[PDB]
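Chemist: curious how this folds, go ahead:
(10 chains, ligands or ions: 7)
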Amino acid sequence: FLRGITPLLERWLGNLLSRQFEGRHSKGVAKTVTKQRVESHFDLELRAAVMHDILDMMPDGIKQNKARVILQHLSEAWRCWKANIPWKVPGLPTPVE
Amino acid sequence: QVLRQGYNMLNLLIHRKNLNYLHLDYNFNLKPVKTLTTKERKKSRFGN
Amino acid sequence: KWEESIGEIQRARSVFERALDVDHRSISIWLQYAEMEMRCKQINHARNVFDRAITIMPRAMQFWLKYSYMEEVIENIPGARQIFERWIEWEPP
Amino acid sequence: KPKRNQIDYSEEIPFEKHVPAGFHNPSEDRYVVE
Amino acid sequence: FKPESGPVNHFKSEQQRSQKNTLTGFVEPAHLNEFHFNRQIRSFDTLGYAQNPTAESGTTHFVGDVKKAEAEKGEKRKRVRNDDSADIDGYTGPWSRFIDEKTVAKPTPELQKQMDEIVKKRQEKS
Amino acid sequence: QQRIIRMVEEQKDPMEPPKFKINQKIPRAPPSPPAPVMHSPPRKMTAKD
Amino acid sequence: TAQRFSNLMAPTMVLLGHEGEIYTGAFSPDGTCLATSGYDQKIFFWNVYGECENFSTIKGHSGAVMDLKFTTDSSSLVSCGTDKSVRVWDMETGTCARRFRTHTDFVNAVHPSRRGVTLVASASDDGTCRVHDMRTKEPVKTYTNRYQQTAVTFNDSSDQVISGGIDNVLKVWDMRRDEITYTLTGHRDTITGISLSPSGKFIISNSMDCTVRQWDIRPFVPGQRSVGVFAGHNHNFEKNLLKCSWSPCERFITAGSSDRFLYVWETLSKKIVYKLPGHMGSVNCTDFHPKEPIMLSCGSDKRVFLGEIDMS
Amino acid sequence: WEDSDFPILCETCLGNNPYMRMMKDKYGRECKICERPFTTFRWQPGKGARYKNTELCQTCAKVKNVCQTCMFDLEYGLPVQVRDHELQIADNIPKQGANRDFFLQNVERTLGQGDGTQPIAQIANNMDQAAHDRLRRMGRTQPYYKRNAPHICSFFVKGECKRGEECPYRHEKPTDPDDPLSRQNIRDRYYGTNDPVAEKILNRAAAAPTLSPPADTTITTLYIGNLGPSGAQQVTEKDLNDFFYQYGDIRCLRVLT
RNA sequence: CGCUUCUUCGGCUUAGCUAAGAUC
RNA sequence: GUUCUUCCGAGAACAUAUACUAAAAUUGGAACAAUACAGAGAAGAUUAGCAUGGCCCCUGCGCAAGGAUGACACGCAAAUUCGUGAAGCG
Ligand SMILES: [Mg+2]
Ligand SMILES: [Mg+2]
Ligand SMILES: [Mg+2]
Ligand SMILES: [Mg+2]
Ligand SMILES: [Zn+2]
Ligand SMILES: [Zn+2]
Ligand SMILES: [Zn+2]
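Modeler: Numbering: from 1, shown residues only, chains lettered A, B, ... in the order given. Ligands and ions are numbered 1, 2, ... in the order given. The protein structure is shown below:
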């Protein structure tokens, strides 16, 4: 038992000691995505991809603040799908729609 | 000696963390010497 | 702007320099950084700000207009000519 | 009350980015403080 | 090795014109003989002179107190030994003191009085 | 003209833990100065656009 | 692109693997390889061309190898050291052909006879020159000088032994007379190496006085035998036996230097032609490749440097 | 973290013996001025000295052009406060922790674009040749070695040095604690603020005699003396001509041999 | 030919997701 | 200090540079226990949970997970600029 637990505790007590002396550097370590966190992470990367498509799609010379309104139209278009309401925004530009 | 060393060495780790309300007795039982606040009982939760 | 209003011009400069590290393509920051220098009669600072702006964003007309206009209002009209000449070297609109 | 977890931003210019060198000597500008 | 032609800066000092690699001089790795290196340290430390360490030393063959180097080219106290190994209390092998050995040092009362007020002035800060 | 020095390396104690705190965090170095933007001239938007 | 002067793989090559101060280095007369040794007691062999791979490494000395020379036919390497012994190493076998166990102190220098029967002149801290003949255990000649002898060579006819040492004067011993027929006086301090010109007319001799003096060793000389003096190199407090060597065309001379620089002088003008940097300690031994313009230099820094030079 | 082959030090810290033994310890100390861990070097400058070691890291040496132990300027051997005064280098260097850690990072980036042989711009490129002369004419020329002697023995101040003549520390009078030279701080001496020894230098340098023109603005005449006696020791009229037409148009030169 | 009051024209900038998050 | 030399009180060899040198004296820097007060995320209430950001930590062996979703966020968000006619004047 001790043969194999020796390197394990050597590492573990090292990590214990090192944060006890060096402090805990771990700010900005990459949090991985796990069971409960998947569904919020999908919404991050969706809205980021949507936003990137918005900014590339709009021509040069437009007030960018329109982009945050388009993300609202996305959220309404989803709820209408979820609730099976027919979604149609009358003035929405056809590339945006 | 190895027991004196190990005993001292765990006591220093307790005191390094200022957990002076914990006591490590000579058979290495770790006793809280007082009833613990949520702060103290969180702060003193040593790991594996 | 607030550091300028308190008279802390050197602080105000560094704040605009730190703003430009965040977005160096913001025409508003270069103009507001320029205008505050020429409000404060810091004409050699203002000239350096404009030379950087037109060096970094040669296609933004607002820098060339504001710079050549400043150099004209300040009656350095051969300075104004050379700004227009340097502009025309970019074959502008 | 004493504070020490941060720089006092009023003591010295925080994270001071110095203005680059340019062709016009900046020291000819004389400014009078308000 | 053809020298650089032309004048030299009036403004920079000779320290500032000098060839350099770090902020203060030309650091470069070296491989001496370990034995002779040690010999030269101890000659400088103990005698006041040593052979010159520079490459291209020229005429300056000796460094330090060169007067001794040219003159000389390059008593001890007694110890109260008691090597009687059976003398359990009395034996002093390597730990034989000098017979002179002033095993405690105390200042004169004049120096004591001056230094007494110094610690008091330090302590009177409270 | 020259010194020559023996540089030994001081022995590290293997039983000594990390000496200094490095949980410090400071702002990133400022970016390297702006590369000129080098665009094609603006294409005029009509109000129709 | 740039001019090239040899079949070297690069204009300068750095040869690495020695573990101590390299006191000595020599090319094979055929030009194929070079052998180097010193305080690390191993003798390293290197090819002059291609990768310069360390194709062999002789071992056997129980002391520093102070000096090391090839026999003229390149079939054997003579070497001598602080183990009071001269050894002759067979090249094809890599083995100690002979071990002249008869010196009573450190052997500082060795030189094999150029032609005829193979004889090995050696000089030692016992004060004696000895000439050893391969065929006999006993030396042919023992020339007891009073003070430690640091350098030795035959003349070209291999019938005079030239030596120098702590007394600074070079002795020339005439092997049919067993007398010093003449001495060469002029060095201010102890001699560190002697080397014989390809034609045999001249010797150079390096000394801790930081000069190389060229001497005329021909049988008849109409006057003074001192031909000239070279300077520029330096001997430091390490007091190494800095060697010296001749270019195979005799137009150029080299000597070891403590100032890290590899010095070449032109024999006729006495001007320094090369003062190459690159070593980090005493350049103890220097030699020329026998057929091609390549320089060998061996440092106290455990580095050997091979490189081209324009021998114009 | 920062590392190097050799420390930035002045010759009085290294001692007169040109052969030295020195120990390197990577990250072995934190810099007294910025707490960054730095490669430490430790040496004894000749017999009778104590073991000295580097106190500043190299960035803090470069950002003031100071010796890493004694923190005097590397050119003139003066304290920073004297040199920063004469060169008009203000107290520009940030001092607050996160602020000056950020500053030092940019210094190290900037100097890393150079050749490694220069301090920061402010002092690498200062050109006031008159100010350089004022500094040269007050910097100590000889290396003062007494600043490497051992510390004074506190047990000797207590009157009870139980080691006697085996004690390596000094058995002699402390500096009187009323003298401001006894009360120094590494930060004061580094940033150059309230430094006692600087003020004792600046005052004595200011008290030195000087030329100053008279109120007679019509006077443009200079007396010149110490010309020696007449003959081969005397300077010729050509000598003054060549030296002084450098500065301006002489109207007349009168020689009185 | 110039200054001021007033209206008047273009511009005039919702902080995610989950089983409407769940329940009355 | 030892193995040897002898003209005899000296000489040869072996042996070769420890120590952050302190029994000290000085000088910064963290959390502690609780009298009375009013008391802890989301367009009424009971209010989940998971995300997002930086010069914010703590427990944890930890790219696991907890610490109130660990705390905060919580609106002057203008930031490249105008154009108009009546009526007083003078
Ligand atoms: Mg909750
Ligand atoms: Mg959590
Ligand atoms: Mg929770
Ligand atoms: Mg949270
Ligand atoms: Zn530092
Ligand atoms: Zn110093
Ligand atoms: Zn003492």
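Chemist: close to ligand 6: what parts of chain C are there?
Modeler: Residues of chain C lying close to ligand 6 (CB under 5 Å from the ion): none. Placement of C-beta: from N, CA and C, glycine included.
Chemist: how about the strands in chain C?
Modeler: Counting by DSSP state E, no segments of chain C form strands.
Chemist: which residues in it form helices?
Modeler: In chain C, the helices defined using DSSP state H lie at C:2-5, C:9-22, C:27-39, C:43-56, C:61-73, C:77-88.
Chemist: tell me the most buried of the ones you listed?
Modeler: Highest mean neighbour count of the helices of chain C: helix C:43-56, a mean of 22 (counted as mean count of other CB atoms under 10 Å in any protein chain shown).
Chemist: the strand or helix carrying residue H:40 near ligand 5 anywhere?
Modeler: Element membership for residue H:40, per DSSP states H and E: strand H:37-43. No. Interface with ligand 5: strand H:37-43 contributes nothing (CB under 5 Å from the ion), its closest point being 6.3 Å away.
Chemist: list the contacts of that strand.
Modeler: F:5, F:10, F:19-20, H:1-4, H:6-7, H:9, H:14, H:20-31, H:51-54, H:56-58, H:68 (CB atoms under 8 Å, 6 or more residues apart in numbering or on different chains).
Chemist: and it, anywhere near ligand 6?
Modeler: No. Using CB under 5 Å from the ion, strand H:37-43 stays clear of ligand 6, coming no nearer than 11.6 Å.
Chemist: quick check: phi and psi on residue 82?
Modeler: With no chain named, the answer covers chain A. Note on residue A:82: backbone dihedrals following degrees, to the nearest 10 are phi -50, psi -50.
Chemist: think we crossed wires, I meant chain H
Modeler: Dihedral angles (degrees, to the nearest 10) for residue H:82: phi -70, psi -50.
Chemist: same question for residue E:16.
Modeler: phi -80, psi -30.
Chemist: is chain E within reach of the top strand by length along chain H?
Modeler: What stands out as the longest strand in chain H, according to DSSP E, is strand H:19-30. Yes. Counting by CB under 8 Å from any CB of the partner chain, chain E has neighbours in strand H:19-30: H:19, H:21.
Chemist: can you check what angle separates that strand from strand H:37-43?
Modeler: 150 degrees (axes from the mean of the first three to the mean of the last three CA atoms, to 10 degrees).
Chemist: right, is strand H:19-30 up against chain F?
Modeler: Yes. Under the criterion of CB under 8 Å from any CB, chain F is reached by strand H:19-30 at H:19-25, H:27-28, H:30.
Chemist: of those residues, select the buried ones using a ChimeraX command.
Modeler: To isolate the buried members of the residues of strand H:19-30 next to chain F in ChimeraX, using 16 or more other CB atoms under 10 Å in any protein chain shown:
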select /H:19,20,22,23,24,25,27,28,30
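Chemist: a markdown table for the residues of strand H:19-30 next to chain F, including distance to ligand 5?
Modeler: Shown next, in a markdown table, are the residues of strand H:19-30 next to chain F (distance: CB to the ion, whole Å):
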| residue | distance to ligand 5 |
| --- | --- |
| H:19 | 29 |
| H:20 | 24 |
| H:21 | 25 |
| H:22 | 20 |
| H:23 | 20 |
| H:24 | 17 |
| H:25 | 16 |
| H:27 | 12 |
| H:28 | 13 |
| H:30 | 8 |
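Chemist: and the two most separated of the residues of strand H:19-30 next to chain F?
Modeler: By the measure CB to CB, those have their two most distant members at H:19 and H:30, which lie 30.3 Å apart.
Chemist: do you know how far the residue of chain F found nearest chain A is from residue A:21?
Modeler: Scanning chain F for the residue nearest chain A gives residue F:23, at 3.1 Å (criterion: CB to the nearest CB). Counting by CB to CB, to the nearest Å, the gap from residue F:23 to residue A:21 is 10 Å.
Chemist: out of the two, which sits in the more crowded spot?
Modeler: residue A:21 (15 against 11; other CB atoms under 10 Å in any protein chain shown).
Chemist: tell me which residues of stretch G:207-221 are tucked away?
Modeler: G:207-217.
Chemist: can you tell me the distance between the two ends of that stretch?
Modeler: Chord length of stretch G:207-221, first to last residue, is 23 Å (CA to CA, to the nearest Å).
Chemist: neighbouring contacts of it?
Modeler: G:155, G:160, G:162, G:164, G:168, G:170, G:172, G:184, G:186-192, G:196, G:200-206, G:225-231, G:233-235, G:239, G:244, G:253, G:255, G:265, G:267.
Chemist: among those residues, name the buried ones.
Modeler: Among those, the ones that count as buried (16+ other CB under 10 Å) are G:155, G:160, G:162, G:164, G:168, G:170, G:172, G:184, G:186-187, G:190-192, G:196, G:200-206, G:225, G:227-228, G:230, G:233-235, G:244, G:253, G:255, G:265, G:267.
Chemist: can you select the buried ones from the contacts of strand H:37-43 in ChimeraX?
Modeler: For the buried members of those, the matching ChimeraX selection, counting by 16+ other CB under 10 Å, is:
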select /F:5 /H:2,4,6,7,9,14,20,22,23,24,25,27,28,29,30,31,52,53,54,56,57,58,68
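Chemist: and chain A, which of the contacts of strand H:37-43 reach it?
Modeler: Checking these against chain A (CB under 8 Å from any CB), the matches are F:19-20.
Chemist: near RNA strand J, which of the contacts of strand H:37-43 show up?
Modeler: By CB under 7 Å from any atom of the strand, the members of the contacts of strand H:37-43 lying near RNA strand J are F:10, H:23, H:25, H:28, H:51, H:53.
Chemist: surely the second one meets residue F:8?
Modeler: Yes. Using CB atoms under 8 Å, residue H:23 is in contact with residue F:8, at 5.4 Å.
Chemist: re earlier: out of the buried ones among the contacts of stretch G:207-221, list just those in strands.
Modeler: Reading strands off the buried ones among the contacts of stretch G:207-221 with DSSP E, I get G:160, G:162, G:164, G:170, G:172, G:184, G:191-192, G:196, G:202-206, G:227-228, G:230, G:244, G:253, G:255, G:265.
Chemist: assumed residue G:88 was part of a helix.
Modeler: No. The assignment for residue G:88, made by DSSP: H, G, I helix; E, B strand; the rest coil, is strand rather than a helix.
Chemist: please look at it and residue G:110 and confirm they touch.
Modeler: No. The pair residue G:88 and residue G:110 does not pass the contact test of CB under 8 Å, sitting 9.5 Å apart.
Chemist: what do those two both touch?
Modeler: Joint contacts of residue G:88 and residue G:110 (CB under 8 Å, 6+ apart) are G:78-79, G:120.
Chemist: looking at the residues you listed, which one is closest to ligand 7?
Modeler: Among these, residue G:79 lies closest to ligand 7 (CB to the ion), at 57.8 Å.
Chemist: and that closest one, how far from residue H:132?
Modeler: 60 Å.
Chemist: leaving out chain neighbours, which residue sits closest to residue G:252?
Modeler: residue G:264 (5.3 Å; CB to CB, 6 or more residues apart in numbering or on different chains).
Chemist: show me what contacts the one you found?
Modeler: G:252-254, G:272-276, G:295, G:309 are the contacts of residue G:264 under CB under 8 Å, 6+ apart.
Chemist: cool, thanks, talk later.
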